[PDB]
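Below is one structure, written out as structure tokens, with a few remarks after it.
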Amino acid sequence: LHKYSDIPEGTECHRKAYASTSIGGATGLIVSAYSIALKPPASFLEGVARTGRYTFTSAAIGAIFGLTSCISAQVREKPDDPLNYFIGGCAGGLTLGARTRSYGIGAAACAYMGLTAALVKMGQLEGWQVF
Amino acid sequence: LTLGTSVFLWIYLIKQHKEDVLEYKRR
Amino acid sequence: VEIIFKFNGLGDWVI
Amino acid sequence: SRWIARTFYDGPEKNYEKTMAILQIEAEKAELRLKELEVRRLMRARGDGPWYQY
Amino acid sequence: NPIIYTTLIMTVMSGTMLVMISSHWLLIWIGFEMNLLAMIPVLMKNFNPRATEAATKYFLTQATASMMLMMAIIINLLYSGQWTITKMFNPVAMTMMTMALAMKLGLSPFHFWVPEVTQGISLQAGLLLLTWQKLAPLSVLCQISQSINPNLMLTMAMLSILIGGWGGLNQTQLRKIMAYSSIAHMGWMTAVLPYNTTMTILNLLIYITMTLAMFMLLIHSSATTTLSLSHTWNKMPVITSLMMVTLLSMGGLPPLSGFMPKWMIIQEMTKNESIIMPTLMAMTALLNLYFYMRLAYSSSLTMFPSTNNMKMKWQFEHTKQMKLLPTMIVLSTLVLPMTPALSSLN
Amino acid sequence: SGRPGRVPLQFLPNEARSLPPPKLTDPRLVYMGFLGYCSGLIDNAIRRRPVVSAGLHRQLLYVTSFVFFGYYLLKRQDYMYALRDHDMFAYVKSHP
Amino acid sequence: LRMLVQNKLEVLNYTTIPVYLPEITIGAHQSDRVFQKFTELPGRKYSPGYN
Amino acid sequence: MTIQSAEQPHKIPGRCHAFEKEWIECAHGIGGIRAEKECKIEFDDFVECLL
Amino acid sequence: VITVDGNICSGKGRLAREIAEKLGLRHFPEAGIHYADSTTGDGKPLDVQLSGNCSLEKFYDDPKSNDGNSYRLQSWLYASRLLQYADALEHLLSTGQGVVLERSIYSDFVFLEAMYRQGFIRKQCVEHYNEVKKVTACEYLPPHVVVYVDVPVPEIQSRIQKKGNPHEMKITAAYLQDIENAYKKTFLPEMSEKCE
Amino acid sequence: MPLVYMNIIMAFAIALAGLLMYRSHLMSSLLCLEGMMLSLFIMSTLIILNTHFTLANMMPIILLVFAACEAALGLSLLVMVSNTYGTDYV
Amino acid sequence: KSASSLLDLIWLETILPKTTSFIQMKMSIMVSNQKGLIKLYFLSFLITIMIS
Amino acid sequence: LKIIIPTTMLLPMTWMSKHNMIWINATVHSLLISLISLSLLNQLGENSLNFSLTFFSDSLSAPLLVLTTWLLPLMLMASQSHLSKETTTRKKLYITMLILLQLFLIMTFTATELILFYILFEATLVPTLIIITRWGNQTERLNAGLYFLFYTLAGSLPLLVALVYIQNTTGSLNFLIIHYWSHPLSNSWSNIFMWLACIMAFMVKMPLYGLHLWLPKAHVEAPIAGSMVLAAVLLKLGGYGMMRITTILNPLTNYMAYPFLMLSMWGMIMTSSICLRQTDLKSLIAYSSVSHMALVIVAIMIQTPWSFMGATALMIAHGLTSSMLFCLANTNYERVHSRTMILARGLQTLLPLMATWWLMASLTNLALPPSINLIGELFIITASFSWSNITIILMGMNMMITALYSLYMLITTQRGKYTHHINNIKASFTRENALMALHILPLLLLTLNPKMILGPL
């Protein structure tokens, strides 16, 4: 995360997008891990099918989020306000919307993932301590 | 029995209070 | 050793 | 109106003195709370104080 | 026979008191260890094909927990040559002592055994399991609050509240619900622990008083499954008419006593800034409240249809009164304008 | 806790004592009274009983009980707060 | 077993099991009413020694 | 049973008795918190004594 | 304790008389609808409306009533008879004296066993009855120390005619024969093995 | 820290992972737990032998006791579960 | 056609009561998965340690 | 502290009252304590009145306090025939809910610490819940309970944490000093979340258009004694608190008012429009209530002194008129159990005086001069118009539709043919007339002396 943190600003969109892809991949492996742990897949090939699913999905979400965010930064060139992430936030849900093949879940995911990201940026701006 | 114990907790309480005030005055 | 925490290495006798 | 002002209420004065004393007290508590937070942050930061040391 | 049962239960009391006394670590691990052996048999009274595997669950998890704990002690000694409690001197060890204790409290995601085990035993052994067993591991966490790695503590402290929520909306039979209640309150205790232990111990006292109120009531009515509780409004209306209140005190509706914990906790954490965490926490505590409410609907506020056979039972007064109960209700409710007294706990 | 001087399990230091005792009819204290009272009443209602008039005896036991413990608990209360105020001021002189 | 013989509600404890067959079960109104009637009897308002 | 020193049968020395003794003599009224600052050097030498 | 198992109408009474004289311990009085009321405190029967809300006469006069009284009595009686056990077996564990029960719980298997056959009660009523049976009876462990008995169905029909109550006379024969048949077929067939 | 200690610690980590991979009849778990116990014992004793911290020579044996003690208890529960099935965790 | 109906009886209620009320349906049936086989969550204790 | 003790004292009196006399006890003494409450009204022209360290009595609170004390007897008169067949212990249990409730109100109006004010503000939630859930009719009430509940808490809880925060970032949480020590908070992003945290709970408890959904579904369900309080008071208290906390905030309010002014300025016309086509009366009234509260909430947010004057006046007037419409509807619901408005039909033909009360009540609902309702409303239109010259075009539409549906509820449930077969009606009890005369007379006398109701500004 420290790697991803040194954006800087939004310069070199790829450098950032790779890192976000990395984080999304990590969380995908964790979710896959507990899912396999608590929902015994039966027939292990199905299990790797499952983990391939989640891993690829979360990695995708991270990628698209990262690059849309940095691109918006390098295009609007505002570039520091929280809304700059929010599009990517809104974008992220759509990615999630695509794999699930459902307008509903994609629609909700757009809004909430967007607001979450916006709060994150707002937090970097304000030094909110969470822990 | 219990009534007597109850009265006892009273009289003991007023006791220790009473002396406690005096010790307060002294200190 | 890099794992978990450092293992100083070499023979046992040394300690 | 006069008779009511006699039997029931009062001049402002009591209200005014009461308000005075109130504002004084509550102000004192306020400043004490803030000072207490200072004392606490420092005392935990250093351990120099009597009451955070482990 | 009671003469043996009482020796077991007293050696449990001793097996915890020992943790609360000794400063040397080895006597603490002995404290838990003796506590265990004396805890299992009391779960096996009456004895059921079900109860047996209940005890299997409990033992299996407590044993592995105690194992990890002793390992992390030994590692601490390896890197500082001490036995006194104090600070630990090696984070790789410290996180494991936190884990071991995390099982001992039943905090999530280690929590899964607690709802199950509660199902397997009678409300006596149940209550005792959800109160007395919660003392010792907390009794050591208060002593190692000084060096805790707060991140690791708040994460389990939160996740205990979410899991203590969502798994609470789902169940019917009360014992499993009481399990998710407790598993949820422990999140609130262990949350504030890094910041200020006195708030923890306060919350602990309220929790124990509360769950004593409930389990004494369930005992008084011998209700279990929710429907079984539903009939009680006609037979001895008072006690259902009192489960309502104690439930609301679980819910922490503000005039009630159970609000005192949360509302001190929110204070403490707020001095630390950390402003977001209590907001999420307090918001989820609502979700915790909701199944207390639904359970209230099954019971007192509304009358599920009575069964006929109940009528003869009307002639027969309940017996074997439990003396300690009324005070456990009242303290767990009305005491709110007596928060400041909390400073007695220094 | 852990403050220099002082000894562990004693409920209340001799270092107190000097603080005035709470007066007999401190409203907090009488509230402990009613707390015990209502507990004594529920004691009847749970066990059927003809509430209030019955067992007026035991009811008196309860109210005396909680008012009694409530007393000392109040003493330790004032002692503790007076204590933190003292330590605070001493520390503010300690680091002007 | 002797403990079970005493406190008879316990021996009765499972006889009021909720299974809700239409012939046994009673709607809340009739039950609330009839039990409201049961209290009307001289010896039933309170535990027997107190009444 | 606590501590490397603290009287042991036949007065057998701990292997690291000295650094420990110094380090504890450093540790009293300082209490816990400031102690991890000021007494650090002593504890360090004690560490190397151990490992 | 001794619970004679006389199985008839008028012969039921006859069984009780022999049993009462036979044992020093107080004889079971039947413990029917107001059997609880007898011990309650007043010691006295209440109205049928709340004490049981079943009324046997309203069983015999219209069996297969649309109201499930045909079952509502059965189960209610079972609960009362269970209490019978408790009233007396405790006394066995107390004074240590013998005590004489009239009919007891193991005997309540059969009335329902027949009512289900004449169709007076629907099957789910039965399933409820045997779950509550299993849940409740199992923990009561010792049974017996009690005498089974028999009387001819037709002969009991004869005494039934002699018997004064109109409702008893109305009672159907084929039902009662189904009772005695299942009763002898199973009740003694199992219980005697334990009583031995 | 000398490599040997690292090796024993790793034997602990395996003595745990084996307990948690956890499969079929559970008697294997009481074994794996006892193995865990043994690794903690040895890892303790090597230390008390190291620094001549003599009083603590008493601990490992005492450790052993309770640890063995709980395991001694554990079999009994297994008996009961074995009593109704012929054991399996499944 | 609008105000009484879809605007305020069917969306304005969908947007925040029915949402949360549904999400808790999903989550609650997901966490309390009824089962309880040991090997499952016990192995979960394992990996949660490996992460922790 | 003098008015508050007896209010506690009725409880022993209730429990110890003879089983068939309790209504008289509670009624008489509640009236007396109302008259004692009335002496508070004096206030002062300058300094806010003060008492104990822990209470004070701003002019803003006093008329509300008088009202709140005034309502108890009314709820008793309404209730005491609605229930009868209930057991004595249960009834005696029941009025305790009501009085316990108002006790929490008398405490929560005089405040003074905003944490005390909060904890009572939320403490009110319990008795009203119990009343809605146990004594409401029909099934939906169960569900209704939940909507009434979480919408409060989900609002209130963040407010709680926010409060604690401030008393740490500043000195005391007490109201007087914070009124004096007040210092601006400004933009950033943390301060904005502070803003919503200190507003959303108050804007939930008085329904806002995007959030009001629980309120109709409460009123559909609650037994009338619950309805009168849930409408006439709790909304208004949420408004009282929001008027309180606005001592802080500023200048940020200038920047954050807009979204809520849109939900309100649009929600008023909207909800009033929904109000124009209800199936059943008991809901119609509720939406009328939201449709008026939107005016209060913009009146608070434009923060001009005229707007607070109008805020106070409209809060009280709407209190009385709404409670009045509710009891006045329950009467029909008891006479015919229809609930649906269409069945009542030609009720005027069969009895007159109720038609007169329909007339007075609806007539002041639409607000025509010089009802305190009207004058309360016209000010806030004035200040709103100062705030934006366009705004009038919205307010005017309100004053259109509030005419229509109001008259509508009159002409649909009254004027016209009697239904033929409905023989159930039985010629108006004395308590009915007594009750609504008790609502409406104070409301009309009160116009003579507004100057004591306009409040602090």
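Swiss-Prot numbering applies to chain L: residues 2-458, in that order.
If you're wondering, the header gives electron microscopy, 5.4 Å.
Every residue, even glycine, has its Cβ placed from backbone N, Cα and C.
Taken from Swiss-Prot as is:
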| type | residues | note |
| --- | --- | --- |
| TRANSMEM | L:22-42 | transmembrane segment |
| TRANSMEM | L:60-80 | transmembrane segment |
| TRANSMEM | L:98-118 | transmembrane segment |
| TRANSMEM | L:147-167 | transmembrane segment |
| TRANSMEM | L:193-213 | transmembrane segment |
| TRANSMEM | L:224-244 | transmembrane segment |
| TRANSMEM | L:257-277 | transmembrane segment |
| TRANSMEM | L:284-303 | transmembrane segment |
| TRANSMEM | L:308-330 | transmembrane segment |
| TRANSMEM | L:351-371 | transmembrane segment |
| TRANSMEM | L:391-413 | transmembrane segment |
| TRANSMEM | L:435-455 | transmembrane segment |
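Stretch with the most C-beta contacts under 8 angstroms to the transmembrane segment (L:257-277), considering only L:60-80, L:193-213, L:224-244: L:193-213. Residues 42, 64, 71, 74-75, 78-79, 310, 313-314, 317-318, 321-322, 324-325, 328-329, 358, 361-362, 365, 371-373, 376 of the same chain lie 6 or more positions beyond the ends of the transmembrane segment (L:435-455) yet place their CB under 8 Å from a CB of it.
Taking every recorded stretch in L:60-80, L:224-244, L:308-330 and counting its Cβ pairs under 8 Å to the transmembrane segment (L:193-213), the highest total belongs to L:224-244.
Residues 61, 64-65, 68, 72, 75, 79, 220, 225, 228-229, 232-234, 237, 240-241, 244, 282-283, 286, 289-290, 293-294, 296-297, 299-301, 355, 358-359, 362-363, 365-366, 368, 372-374, 376-385, 436-437, 440-441, 443-444, 447, 451, 454-458 of the same chain lie 6 or more positions beyond the ends of the transmembrane segment (L:308-330) yet place their CB under 8 Å from a CB of it.
Same-chain residues lying 6 or more positions outside the transmembrane segment (L:60-80) and placing a CB less than 8 Å from one of its CB atoms are 4, 8, 24, 27-28, 31-32, 34-35, 38-39, 41-42, 44-45, 49-50, 95-96, 99-100, 103, 106-107, 110-112, 224-226, 229-230, 233-234, 237-238, 241, 244, 313, 316-317, 320-321, 324, 328, 331, 432, 435-436, 439-440, 443, 453-454, 456-457.
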